[PDB]
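Got a sequence here, can you model it:
(11 chains, ligands or ions: 6)
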Amino acid sequence: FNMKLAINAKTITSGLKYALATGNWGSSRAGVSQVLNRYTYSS
Amino acid sequence: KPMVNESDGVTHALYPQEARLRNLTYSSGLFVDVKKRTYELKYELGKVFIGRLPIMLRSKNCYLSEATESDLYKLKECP
Amino acid sequence: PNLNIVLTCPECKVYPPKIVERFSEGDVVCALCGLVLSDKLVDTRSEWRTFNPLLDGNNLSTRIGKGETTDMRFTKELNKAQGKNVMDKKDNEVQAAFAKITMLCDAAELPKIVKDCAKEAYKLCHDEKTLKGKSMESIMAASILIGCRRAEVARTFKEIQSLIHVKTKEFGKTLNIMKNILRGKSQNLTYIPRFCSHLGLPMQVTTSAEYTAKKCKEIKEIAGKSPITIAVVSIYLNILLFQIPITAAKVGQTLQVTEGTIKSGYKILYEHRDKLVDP
Amino acid sequence: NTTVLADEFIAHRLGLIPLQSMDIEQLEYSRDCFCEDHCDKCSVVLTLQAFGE
Amino acid sequence: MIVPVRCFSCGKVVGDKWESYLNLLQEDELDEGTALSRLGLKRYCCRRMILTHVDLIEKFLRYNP
Amino acid sequence: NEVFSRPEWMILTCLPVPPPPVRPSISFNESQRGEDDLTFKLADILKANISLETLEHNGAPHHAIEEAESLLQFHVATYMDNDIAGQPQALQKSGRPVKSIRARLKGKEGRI
Amino acid sequence: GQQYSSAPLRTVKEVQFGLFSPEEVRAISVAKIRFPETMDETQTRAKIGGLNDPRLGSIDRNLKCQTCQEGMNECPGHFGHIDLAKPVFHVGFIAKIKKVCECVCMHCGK
Amino acid sequence: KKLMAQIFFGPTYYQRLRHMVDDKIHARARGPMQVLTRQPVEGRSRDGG
Amino acid sequence: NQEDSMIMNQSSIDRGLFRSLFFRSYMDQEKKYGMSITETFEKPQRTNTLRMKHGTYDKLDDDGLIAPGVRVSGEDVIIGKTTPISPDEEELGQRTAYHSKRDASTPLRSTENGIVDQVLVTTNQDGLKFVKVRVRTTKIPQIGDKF
Amino acid sequence: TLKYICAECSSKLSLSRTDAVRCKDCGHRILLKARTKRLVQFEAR
Amino acid sequence: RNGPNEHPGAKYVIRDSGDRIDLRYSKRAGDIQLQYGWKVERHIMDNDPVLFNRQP
Ligand SMILES: [Zn+2]
Ligand SMILES: [Zn+2]
Ligand SMILES: [Zn+2]
Ligand SMILES: [Zn+2]
Ligand SMILES: [Zn+2]
Ligand SMILES: [Zn+2]
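Numbers count the residues shown, from 1 in each chain, chains lettered A, B, ... in the order given. Ligands and ions are numbered 1, 2, ... in the order given. This is the structure:
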C-alpha cells in the first residue's frame, strides 16, 4: 500500500489547468474562459 | 502560498509577474489529512498532497492581497 | 529503382542544385540563371499549426467514447469492445508501463522530459531473455533513472527505491544490464540543489559545497564510495562554514545518512578545510 | 539609453527644441552638401550627456 | 506622459511652463484660469494642452530599473 | 438503371480507396506529420476488416461473430456520415468528432 | 504550364451519375490495401500494401507516383480498393432499402 | 478670405482605434496555394487570397 | 470629409498628435522528442544547413539571437533555430553536402519592422529554455486610420 | 562569453555557455540580451 | 529594364516556351532580347480596367 501511486495528483491539477485554459468545462459547455482584454483600461 | 515545481526538482514561491514570462500558472497546492484505517469486521486494528489550484489574483491566498503599493513597484505590478 | 526526383536546372545543368526558394509566392527560381523551376509551392508551415510514435512506432488506434445522440448500451459496447482489441498487441504491456510511468512521473512531479526519455528507453529494450521478466518493475524503476540520468537530473537509487520498493539488487543488476543494453544500443553534484532545496538554504552553501566537492575528488580522499555521502558532508561542512542552524542531527534525518560519515567526512575535511578556503 | 522612454520618443522631442537661427543663411542645406553628409558647412552636431546620478 | 513640447495647434512655449505651472498651485493656492494666465497663455488651444496633460512618467519612475 | 444503378450496388461490397491527395499527410518537422480523420477511418475500418476476418477465419463464437460486423458496419457508416441520428458520434483521439466525408460537403465551407 | 498532352481537348457536355459495380471498383483499383501501418515501417518512405502506398498518388514533390509519373501537380491520384468480407449497408440508401424491401417478396425476390 | 458662413469650433475628446491601415492592406498575384484544393491560401498575414 | 471621413492637421501630426507605440512580441522554445531529436537555438548557415529562409541572418548572433535595439525590417530572421536531419531519411535534393541540420527559424513578419526592444531567456515550466523577443515600432496617423 | 543581465540586480553578468540560468547578488532567474555597443545609425525621419 | 521596383516596371517575362522569368533575380542576365508572342507582367498602369467590389 503506497500513497503516491494511490493518489494521482494530476487528476485535479490537470483538470482545472485545462478547463481554465479553454472554456471547455467538463465538453458540454464553452465560452466561459477568455484571454483577458488588455486593450485599454476600460476594456 | 503559490509556488512552482521546477524541472530540476526545486520548488519555490512564485510571483504573478514571473508566472507571466515563464508561462507558468498561478496556482497553490492543496493538502488534506488522510485517515487510513482497518477493521476486523466490527473492529479497528499524515498530510497528503492532492493537487495544484490556480488562484484568482488579489485573493487572500495570493501574495498581493496585502502587499504595499510601493512594493507593488518592487513587485513590478502596476498598482 | 528508388523512385526519386533530383531538382536541377535545365538551362544551367551547371552544378548540383544551386537555387533559391520563393515560398511567399510559391516558386523555386534558378538563383543563377533567373528561371523559375516549380510553382504552386504549397504551404509547408500553416500545415501543422492545428495540432507515442517514437515509442508506439507504426501501429494506429484511437481513443473514443459515448455521444450526445446515444444510449448507455452503445456506451457499454464501446467500453467493453475497445478493451477487446488490446490483446492483439503485447503493447498493453507496452502502453501500460507508459501509463505506469505516466502515473508515476507525475506522482513525483517529474517534468515532461524525464518521462519521455524514461518512456523512450522503455521502447529501446522493452524485453530480452536476459531481462526475462525482472519483475516488470525494477526495470521500470531503472526505466526512469536512465531517463533522469539522461534528463541531466540525477537521483539516488534509494530515492526511486523510496518511490518504488524493488529490493534494489535484481534492480541493480537490472539497471546495470539496462545500462549495458543501451551501451550496445548506442556527476554527484546535481543532487546538491534539491538537497538544500528542501533545506530552504541559499545557493552559496551549495556553490561552496560544489568547490568543496570539486576539491575533494581530484586530489586524494577518493571520498565516499557511495560518495553522495561526501556530497552531504560537503553540505554540512559548508554549513559548518556557516552559523546557520543545520544540525547534522537535522541533516541525517533529512538527508538520510547517519552522521558518523558526516563527522568522518567533515573529519578528513576538518583536516582538508585548510585547502578548502577559496573565500 | 537606460531611460524609461522609447528611444525615438526622446528623439522625436529632440526634434522640436528651438534653436538659435540668426546666421542661418550662412549655413547651406544638407542635400547641397557634397560633404560627407554633414560638416560645419551644412549642419550643427549636438550631443548630450545626461545621467541619473 | 512628459509635458509635450509645444502645442499641436499654436506651438507656444510649454516645455517651460510645466513646472512653473506647479509652483503656482502649491505655493500660491492658485486657481487654474488665473494660473495659465500669469503663465502668459492667453489663447486657449494652449489653454487646452497644459490644462489636460497627464504627467504619467511620475509613475514609471517608481519602478526599480 | 441496370447499367449504372444496381440495387445490388446499394450495399457496399468492395470499397475504393481515395488515394492520398484527398486525404493528405500533414507533414511537419520530420516528426509532426499528422493525417486526416479519413486516414484513421481507413485504418480502423482496415483493422475492423481484419479482426472480423479472423473471427470468421478461426472460430465462430457466433454472437461475437455478429459483433465485429455490427462494429464494421458501424465504422463504414461513420466514415461516410459522422453526424448520423440516433447513433454515437464516433469521436477522434483528440476527443473531437471525426471529419467524415459528408461533413466535407455539409454546408457553408463544404467543398461545394 | 502543365506538361503537354496529346489527347484532344474537350469539355464536359454530359454527366451521368450512378453507382459502382464493385467489380469495377476492383477492375480499376491499382491497389489492394492491407496493413493499417501507414508508411514504411522502418520509418523510411512508405508502406507498400498499406494505407498509402506508392502505387497510389505520391507526395513531397520528390516522389514520382509509380503509375503516373512525377508531378505532384500532375498525378491526379490513383485508386486503391478494399474488399469487404461481410457486405455492409451504404448509409445513404437505407431509407430506400427499407423502402425497397416492402416492394419485393422476400422469398421470390421479385 | 473670409468664409461667407461661420464655423462650429471647439476642442473635443477623440479616441484612436486599432484599425490602422498598414494592418489591412495586402494584394496577391500567384501566392502560395493550399495543400488540399491547391487554391490560394487564406489569411492576410499568410499572403491570403 | 464626406461620409464620416475627416481632415487631419498634417502639422499637428508632426507634434505627435495621436501618435502611438505598438508592441509585438515573439515567442519560441526548443523541445526534444527522444533527445535524439533536439531543437537548438543557434546561427544557421547557407554552408551546412538545409531549407534556409530567404532573408538575412547576419543580424543573428552566434547564439541564434539579436541584440535589443537593433533595427529590423520584414524578412529578417529573428531567432536562429535548427533541427536534426537524418541523411538516409529524406534525400530532398541538396542533402549530399550538408547532412547537418534543418532550419525552423522564426523570422519577423515580412510585413512589419522596427527596433528590437526586449530579449529575455528562461526555461519553460518543464526545463526547456525558451526566448521571447519584443518588437517596438512607432505608428503615426496615416490616411486610412480609424478615428 | 556574452553580456546578459538579470531583472533583480541589473549587473552585467557577461557569461558564456554551459551555465545554470542564474545571476549574482540575488538568486535571480531571468536574463536579458543587453543591447549592442555597436552603433546604430539613425534615420530619425 | 526598370525592374520590378520603380512603379512603371514589370515582374515577369514569359517565354513562348511555357517559360517564365522573374525580373529580379535575373538582373544578373540584365537586359534580354524580347520577342513577339512573349508575354510580360507589367505592373498595373493607368486606365486598365479593374473589377472593384464591396462585399456583401
Ligand atoms: Zn539555370
Ligand atoms: Zn555639409
Ligand atoms: Zn495651443
Ligand atoms: Zn498517380
Ligand atoms: Zn415472392
Ligand atoms: Zn542579479
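
Helices along chain G, start to end?
Taking DSSP state H as the criterion, chain G carries its helices at G:22-28, G:94-101.

which SS state does residue B:52 fall under?
strand (DSSP: H, G, I helix; E, B strand; the rest coil).

Okay, buried residues for the biggest strand by length in chain F please.
Secondary structure assigned by DSSP state E gives strand F:11-17 as the longest strand of chain F. Within strand F:11-17, the residues that count as buried by 16 or more other Cβ atoms under 10 Å in any protein chain shown are F:12, F:13, F:14, F:15, F:16, F:17. Placement of C-beta: from N, CA and C, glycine included.

Could you say which of the helices of chain G is packed most deeply?
Greatest average neighbour count among those goes to helix G:22-28 (a mean of 15), per mean count of other Cβ atoms under 10 Å in any protein chain shown.

and the angle for the longest strand of chain F with helix G:94-101?
Calculated by axes from the mean of the first three to the mean of the last three Cα atoms, to 10 degrees, strand F:11-17 forms an angle of 150 degrees with helix G:94-101.

For the closest residue to residue B:9 other than its chain neighbours, give me its contacts.
Leaving out its chain neighbours, the residue that sits closest to residue B:9 by Cβ to Cβ, 6 or more residues apart in numbering or on different chains is residue C:194, at 4.1 Å. The contact partners of residue C:194, taken as Cβ atoms under 8 Å, 6 or more residues apart in numbering or on different chains, are B:8, B:9, B:10.

And residue C:194, how far from ligand 4?
Per Cβ to the ion, to the nearest Å, residue C:194 is found 58 Å from ligand 4.

Buried residues of the helix or strand containing that residue, list them for me.
For residue C:194, the host element (DSSP states H and E) is helix C:191-198. Using 16+ other Cβ under 10 Å as the test for burial, helix C:191-198 gives C:191, C:192, C:193, C:194, C:195, C:196, C:197.

Ok, stretch C:232-245 next?
Applying a neighbour-count criterion of 16+ other Cβ under 10 Å, one finds C:232, C:233, C:234, C:235, C:236, C:237, C:238, C:239, C:240, C:241 buried in stretch C:232-245.

what separates the nearest residue to residue E:51 once chain neighbours are set aside from residue H:10, distance-wise?
Once flanking residues are discounted, residue E:51 sits nearest to residue E:32: 6.4 Å by Cβ to Cβ, 6+ apart. According to Cβ to Cβ, to the nearest Å, residue E:32 stands 18 Å off from residue H:10.

Looking at these two, which is more packed in?
Shown here are residue E:32 and residue H:10; by other Cβ atoms under 10 Å in any protein chain shown, residue E:32 has more neighbours (13 against 6).

ok, the residue of chain B found nearest ligand 1 - contacts?
Closest residue of chain B to ligand 1, Cβ to the ion: residue B:23 (46.9 Å). Residue B:23 sits next to I:124, I:125, I:130 when contact means Cβ under 8 Å, 6+ apart.

Closest one to chain K out of those residues, please.
Taking Cβ to the nearest Cβ as the measure, chain K sits nearest to residue I:130 out of these, at 35.8 Å.

Helix or strand: which one has that closest one?
Residue I:130 belongs to strand I:129-139, assigned by DSSP H and E.

buried ones in that strand?
Neighbour counts over strand I:129-139 (16+ other Cβ under 10 Å) mark I:129, I:130, I:131, I:132, I:133, I:135, I:136, I:137, I:138, I:139 as buried.

what does stretch C:18-28 give?
The neighbour-count check on stretch C:18-28 (16+ other Cβ under 10 Å) flags C:19, C:21, C:22, C:23, C:25, C:26, C:27, C:28 as buried.

possible to save the buried residues of stretch C:232-245 as TSV with distance to residue E:52 and secondary structure?
Formatted as TSV, the buried residues of stretch C:232-245 follow (distance: Cβ to Cβ, whole Å; DSSP: H, G, I helix; E, B strand; the rest coil):
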residue	distance to residue E:52	secondary structure
C:232	67	helix
C:233	69	helix
C:234	65	helix
C:235	62	helix
C:236	66	helix
C:237	67	helix
C:238	61	helix
C:239	61	helix
C:240	66	helix
C:241	62	coil
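
hey, C-alpha coordinates of the one helix or strand residue F:67 maps to in PDB?
Secondary-structure assignment from DSSP H and E places residue F:67 in helix F:64-80. This file holds the C-alpha atoms of helix F:64-80, laid out as PDB (Å, rounded to 0.1, in the frame of the first residue of the first chain):
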ATOM      1  CA  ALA F  64     -19.300 -12.100 -31.200                       C
ATOM      2  CA  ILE F  65     -19.300 -13.000 -34.800                       C
ATOM      3  CA  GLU F  66     -22.200 -10.600 -35.100                       C
ATOM      4  CA  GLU F  67     -20.300  -8.000 -33.100                       C
ATOM      5  CA  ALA F  68     -17.300  -7.000 -35.300                       C
ATOM      6  CA  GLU F  69     -19.900  -6.900 -38.100                       C
ATOM      7  CA  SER F  70     -22.200  -4.600 -36.300                       C
ATOM      8  CA  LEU F  71     -18.900  -2.900 -35.500                       C
ATOM      9  CA  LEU F  72     -17.600  -2.800 -39.000                       C
ATOM     10  CA  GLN F  73     -21.000  -1.700 -40.400                       C
ATOM     11  CA  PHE F  74     -20.800   0.900 -37.700                       C
ATOM     12  CA  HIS F  75     -17.500   2.400 -38.800                       C
ATOM     13  CA  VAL F  76     -18.100   2.400 -42.500                       C
ATOM     14  CA  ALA F  77     -21.300   4.300 -41.700                       C
ATOM     15  CA  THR F  78     -19.400   6.900 -39.700                       C
ATOM     16  CA  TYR F  79     -16.600   7.000 -42.400                       C
ATOM     17  CA  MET F  80     -19.400   8.100 -44.700                       C
END
